[PDB]
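Report on one structure; see the data block that follows.
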Amino acid sequence: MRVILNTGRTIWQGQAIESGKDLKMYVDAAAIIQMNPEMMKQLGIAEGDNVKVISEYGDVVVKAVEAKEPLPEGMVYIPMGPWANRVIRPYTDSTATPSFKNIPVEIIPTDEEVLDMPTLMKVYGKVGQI
Amino acid sequence: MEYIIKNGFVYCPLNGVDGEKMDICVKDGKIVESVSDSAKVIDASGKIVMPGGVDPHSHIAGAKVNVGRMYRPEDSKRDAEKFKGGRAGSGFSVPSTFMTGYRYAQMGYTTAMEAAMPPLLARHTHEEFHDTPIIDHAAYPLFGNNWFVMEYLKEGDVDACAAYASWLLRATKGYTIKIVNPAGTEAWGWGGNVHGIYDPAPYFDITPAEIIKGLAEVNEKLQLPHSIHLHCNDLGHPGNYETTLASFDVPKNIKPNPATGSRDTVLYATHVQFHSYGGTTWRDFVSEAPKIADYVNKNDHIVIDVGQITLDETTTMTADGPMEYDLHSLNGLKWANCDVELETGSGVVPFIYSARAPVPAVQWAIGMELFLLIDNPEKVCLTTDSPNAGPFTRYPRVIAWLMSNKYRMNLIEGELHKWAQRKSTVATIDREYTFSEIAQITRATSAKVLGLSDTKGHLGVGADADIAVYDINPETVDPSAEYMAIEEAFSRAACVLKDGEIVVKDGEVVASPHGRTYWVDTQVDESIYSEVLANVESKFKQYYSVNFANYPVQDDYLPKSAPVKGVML
Amino acid sequence: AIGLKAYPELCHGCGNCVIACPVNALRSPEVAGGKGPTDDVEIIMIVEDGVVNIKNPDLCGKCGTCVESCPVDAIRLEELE
Amino acid sequence: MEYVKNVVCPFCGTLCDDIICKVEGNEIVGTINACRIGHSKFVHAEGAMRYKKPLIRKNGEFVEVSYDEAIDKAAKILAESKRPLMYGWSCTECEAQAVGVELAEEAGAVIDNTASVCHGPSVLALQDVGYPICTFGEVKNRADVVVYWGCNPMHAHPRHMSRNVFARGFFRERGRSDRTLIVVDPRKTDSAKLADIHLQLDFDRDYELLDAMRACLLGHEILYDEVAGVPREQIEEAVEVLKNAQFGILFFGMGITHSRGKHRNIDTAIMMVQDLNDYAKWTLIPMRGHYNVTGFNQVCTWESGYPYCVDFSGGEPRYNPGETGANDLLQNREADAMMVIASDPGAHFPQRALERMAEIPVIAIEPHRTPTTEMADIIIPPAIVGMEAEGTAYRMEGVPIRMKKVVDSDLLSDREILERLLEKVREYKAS
Amino acid sequence: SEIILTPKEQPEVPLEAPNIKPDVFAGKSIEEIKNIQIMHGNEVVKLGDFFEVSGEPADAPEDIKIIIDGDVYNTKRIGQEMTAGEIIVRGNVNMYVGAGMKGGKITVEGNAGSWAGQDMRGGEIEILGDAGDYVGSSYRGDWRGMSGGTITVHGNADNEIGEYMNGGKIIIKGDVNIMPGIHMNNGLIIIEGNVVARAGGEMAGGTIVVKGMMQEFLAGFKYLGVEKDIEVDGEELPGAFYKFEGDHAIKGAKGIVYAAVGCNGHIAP
Ligand SMILES: Nc1nc2c(c(=O)[nH]1)N[C@H]1C(S)=C(S)[C@@H](COP(=O)(O)OP(=O)(O)OC[C@H]3O[C@@H](n4cnc5c(=O)[nH]c(N)nc54)[C@H](O)[C@@H]3O)O[C@H]1N2
Ligand SMILES: Nc1nc2c(c(=O)[nH]1)N[C@H]1C(S)=C(S)[C@@H](COP(=O)(O)OP(=O)(O)OC[C@H]3O[C@@H](n4cnc5c(=O)[nH]c(N)nc54)[C@H](O)[C@@H]3O)O[C@H]1N2
Ligand code: SF4
Ligand code: SF4
Ligand code: SF4
Ligand SMILES: [Ca+2]
Ligand SMILES: [K+]
Ligand SMILES: [K+]
Ligand SMILES: [K+]
Ligand SMILES: [K+]
Ligand SMILES: [Mg+2]
Ligand code: NA
Ligand code: NA
Ligand code: NA
Ligand SMILES: [S]
Ligand SMILES: [W+6]
Ligand SMILES: [Zn+2]
Ligand SMILES: [Zn+2]
């Protein structure tokens, strides 16, 4: 289904970045998609089920969680981090600042696993430069 | 290290030297009686030798200055430079810090004072001064709208207010009691202002006249080197000359008592051009500079600076928050503001002073009347409230206008709006300043009134070796006819020494030493000091947004601390 | 009986409850003005190790001011037994 | 167990300076007063990597090297680059930031901070229309109307509301009861749950709502019956609440800097705040993110004349956000090398910028393992500002506060690393 | 006289070439033109290092026609501040094409980057492809923008076209994205295609004409009615248009927005 992706802070994502972006708690805080219970019923999913998020700019697998901060109808929330930044709009409109918030995306349930932090970064294929 | 500056025409008003050919000897940062035969020679034949320039009022370091820099990228695009051997910089009216130090040194200035420092933001002023090369400097903390000052002076407790000022000058590493629109900027904390010297701000119930008188008494009880430094209420309004003259009389019966230096005046009034307006509105507006000049001529307790209009596109930045909002309401240009908790306010607005527009033309004439109708240059300093009336790089043009009635008449009869002739007496004044009088208003008056004349503003034995050499021959130049050569020579000094080391050679910067930070060290009765400190800390716990322990400026911020003593036990 | 109960696992350590409490504000001028205490003081609760921590429960009057100040229901008035 | 008081928190722009650190045998083991985030920065989480030595990438694996070897290779990269990008800076102190500006001049680099992904649009706006602000103590002591527009302080500046809203001030002695709290956000955030008025507007329509509010403020009719999902009558009522304030403060965040219009959303909010001063005293404060993002823009401005996106390729400074910002230089493939300091673009830049980071040399001056170190060729670990190193930081409304050294580290400070890098870049440029 | 610049391979680090203009080429031989300085990142290089040069010199810029016979997608500031003569680019250009130009003509056969005609004073710019953001805009912080000249884009353009415009004319034959005429003071903007949102946002004066559909508009505008067969600064535009005055969020605003009736019924109150 087509939804609007909003991204930003959570206190839990804050605690995780300061504890360690190499820990399991960062995957648990930032590789997630918050949604209203009504949207979870439309998709036929439950908390803890994985979701494939696709935009014009990329793709990512994140874990569904029920939103404790209610969303307007048709909006979802992925906390800021490398999972969110696989799919948001990179273009700056000649300002230097990308479009991190309110991007149209396609979401469907998936049996694929969420990628941990080092594995997710391998999608970019870093080539050693020295 | 030894230097001998040979065969120049010396101008040192404090020592009575008026263009005499003589040698100046230098050893390890000081002017001395004589040097050995191995001393390096600086040939000044056919040139003018003066003490290093001393600027008593400029906006060069701190919060309001940096908002002006940040929010004016177009001011930087207009004037961006990379100095050979130095740092990159930019800004025509609000230069970056390295460029500021370079441009003062290039025109032979070696000391400049930051005119308006908010106490809570003092660390910002000192950090900018660290990145300001060459010039010695000081910063003036603001007191005219401070909550502690207003509540102690309301009750007539000048002893407690003196203990608070002693602590604040040390905590901010400041030098002067600066007063800007007393009570008015507090009233601007609620969107208002005060009108005249008998109108109180809300709640505090203390008038501007009571703040001025009380702070002048505090200043002399603390035996500070400089006097109170006042920016009057009602800045820029037709008919404000009456408020100005009334303000000038408020501290007249207070006797000066500096511990350091030779100051003998109780009041310093800044950028008086903006405070000399007649009429009741802009429909019957006239210059009242002749009445202001007549008051200064007849009274012995006052020194002024002019705030001369340079006729440029510049930036206004002051601690007069409501005046800045009113300026934005008139020209519609971008407006910045910063109300600082319990202390002060500020605003920044760009401003175009066009020669062809009627109010800028009269404002230019008002400043010229103040310089030229004040008989004694010992009562005057050359300023532009930089950048408010124009950038400090225009001081050489101000000098050239003062030395040439031909330059003035070429502007008056040319582009300058006819209001300069109809609303002022400037076209009837043929007086031309001499080289001695120029030296008086650019280094002697300022050094003396600031309490620094034992070491600054003169070329006598015992002075710090801060020296400017200008490529002007006073035996052959006609300053009236050759006004563009005067302007050009004062803009690019042939040689500048700072603490006896060459920093400028043929208008180019060749060395970037760090300058000293002058600040005032005072000690009051231990019992009143302890009582005031307990009250200050209690008010921090309840009403400030920071903890008392983190408020004072740490020693790390002053690499060359130069304390000056006031009262001691 | 009804008494003060903390849920530190839900707490942000925002300090709204600490400041809003009239008992804490009366005992500490720093707290009255929005700061965490620096001077040594005995108050009902403080933010410690990032979460609300109840120190002197006997001083609580069960007024409900702290409860209105918490948007995440991390401090409550409920039956303690 | 020792208690170190009056400590400054090195996390967000609230820059709390009343932190108490619990110290046991050269280790910060706990805190008092710091929120959940601040506490997490101060204490070590078991299992998190804290690098003890510099590292260089070889062939997928990393090898430990000395500071001399790592700085030598980093200097060679910067010296040989035609368009080097020096990015981050917001989580270090002002002295290290000033060495950075000097190094960017020496290398002919572009220097830029996190403002280019944050309040950079607010900087573009304030340059065009102005900046009417105040310090936190004026909010605490005078404000009767507090607005949080497109910011969620309960999750992002956790002690901000307790310090500025619940606090009892000089003229607002009843604290929360003396203020009207307004929150503008498309979500029902934990900050909106505390508000007296929650304008739950349509996303990406703040500019449209602000146009209607400004026309109404100036005595004009609103053309449409509903704007950004808010009925005409309720827009008129919101404007009356603002006009009746004795002292109003507009706090704003990423909700309007990142969304449709970017800098023009801030521009219209600033102009509304300015025009409100004909009826009531009004000011604004951008909710600056990192504890020292503000300090970089202050340092960079006072030294060069420009705040961010500063290009020194031509010697004299030049400024063009949209051309000279980090994302512009990476996405347009102009940058040929990148030095990262005290920031994590690996985690926090969009995919299109990461694709460029995969193809160019990356130097990371970073203490912990992050997505940026996963993309790095050289890792140089420093002592952490506010815990193991001192220096100035600037709060969101420009108040400077000195950060403290609470415990000792054998690692070099960022300032020391940058001074050695500057000396080595000069040596390579000469040879 | 024609001077031909044939580009060699364009570098990945862009070139900045403000000296590519008839004013600099005037009075120089072919060998002197090859020595003209340009920037390649943080290094100063010669024009000849990145272009083959041929043709016939001329003493006056009005008699010079520069032909760039190839793609210069990574070359910035071509024609900056030119006063006379002509430039034809047989390919794309990067940012700042004709920035601050006072006279003469520039034709770009391909696409142009952002800031095409920034701060323009006079002359003509014609882009046969698409343009970026800030066509005919001002510089950061300045309240005084484009004061004259004509810019025509045959394709589409992006955001903030005519930002702070204070004279001249901009014609977009395709579509625009958001905020065309933002802070406009004077001048004329004609959009023959569509607008996504915020046309004339914060405008104080000037005229904006939209012949296609405006998806969204602004509540600060006053609706004046339908006007047919309109005429604006000599440009005759046949058909019916909804007329609006604003943006009344600005004090003393006198700007006009015309929107074609056929596809803007949802914009009229
Ligand atoms: N926990 C945590 N705290 C942090 C950080 C962190 O990484 N984690 N980083 C710090 C930094 S660098 C920054 S900049 C601050 C930022 O702090 P905030 O400015 O609070 O930033 P966000 O949480 O990204 O977004 C704020 C709100 O904008 C809303 N929003 C989305 N679209 C729109 C819109 O169209 N209109 C409006 N009005 N609102 C909208 C979102 O729903 C969200 O609640 O946080 C700082 N604090
Ligand atoms: N999708 C999405 N993406 C976003 C955002 C969003 O809302 N949505 N927000 C954006 C914003 S506003 C911002 S600012 C960025 C986040 O900005 P970043 O700078 O990417 O944020 P952090 O992950 O906090 O990175 C700070 C780094 O500094 C390191 N560090 C801490 N102390 C020190 C020190 O003393 N010295 C040095 N050298 N390093 C130190 C930390 O370990 C950490 O890795 O994210 C942006 N990206
Ligand atoms: S209990 Fe609630 S109000 Fe108190 S600190 Fe925790 S989150 Fe904040
Ligand atoms: S219930 Fe009332 S007294 Fe008890 S902690 Fe909460 S606010 Fe304080
Ligand atoms: S609010 Fe920000 S500065 Fe204050 S303790 Fe929490 S993270 Fe640290
Ligand atoms: Ca502009
Ligand atoms: K500037
Ligand atoms: K006297
Ligand atoms: K609750
Ligand atoms: K940690
Ligand atoms: Mg104040
Ligand atoms: Na939903
Ligand atoms: Na004052
Ligand atoms: Na005339
Ligand atoms: S930030
Ligand atoms: W940020
Ligand atoms: Zn003043
Ligand atoms: Zn001044």
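Chains: A, B, ... in order of the structure tokens. Residues: from 1 per chain. Ligands: from 1, in order shown.
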Pick out the residues sitting within 9 Å of residue 381 (chain B), and hand them over as a ChimeraX atom specification; count only C-alpha atoms, and ignore anything fewer than 6 positions along from it in its own chain.
/B:55-56,303-306,371,440-446
As a ChimeraX atom specification, list the residues of chain A assigned to strand (DSSP E) by DSSP on the backbone atoms of this structure.
/A:2-8,32-35,50-54,59-66,75-79,103-110
Name the residues, by chain letter and number, that sit within 8 Å of ligand 5 using only C-alpha atoms and all ligand atoms, and give them as a VMD selection string.
(chain C and resid 13 to 14) or (chain D and resid 8 to 17 19 33 to 39 156 to 160 291)
Could you list, as number ranges by chain, every residue of chain D that has an atom within 6 Å of an atom of chain E, counting only C-alpha atoms?
D: 82-83, 108, 127-128, 211-212, 214-215, 222-224, 313, 334
Take the residues that were just selected and, keeping C-alpha atoms, output them as a JSON list (two decimals), in the first residue's frame.
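Output file part_39.json is given in full below:
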```json
[["chain", "number", "residue", "atom", "x", "y", "z"],
["D", 82, "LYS", "CA", 41.40, 19.10, -5.68],
["D", 83, "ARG", "CA", 38.02, 19.42, -3.89],
["D", 108, "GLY", "CA", 41.63, 24.85, -0.31],
["D", 127, "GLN", "CA", 19.95, 36.00, 6.06],
["D", 128, "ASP", "CA", 16.97, 37.11, 3.87],
["D", 211, "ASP", "CA", 0.32, 32.73, 4.80],
["D", 212, "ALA", "CA", -3.29, 32.67, 6.12],
["D", 214, "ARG", "CA", -0.10, 36.59, 8.36],
["D", 215, "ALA", "CA", -2.91, 37.90, 6.06],
["D", 222, "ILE", "CA", -8.46, 34.44, 4.37],
["D", 223, "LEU", "CA", -9.33, 33.35, 0.75],
["D", 224, "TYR", "CA", -10.22, 29.68, 1.57],
["D", 313, "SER", "CA", 39.23, 26.76, -3.16],
["D", 334, "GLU", "CA", 32.35, 17.10, -7.00]]
```
Within 6 Å of ligand 3 (counting only C-alpha atoms and all ligand atoms), which residues show up? I'd like them as an NGL selection string.
:C and (11-17 or 51-52 or 69-70 or 72 or 74-75)
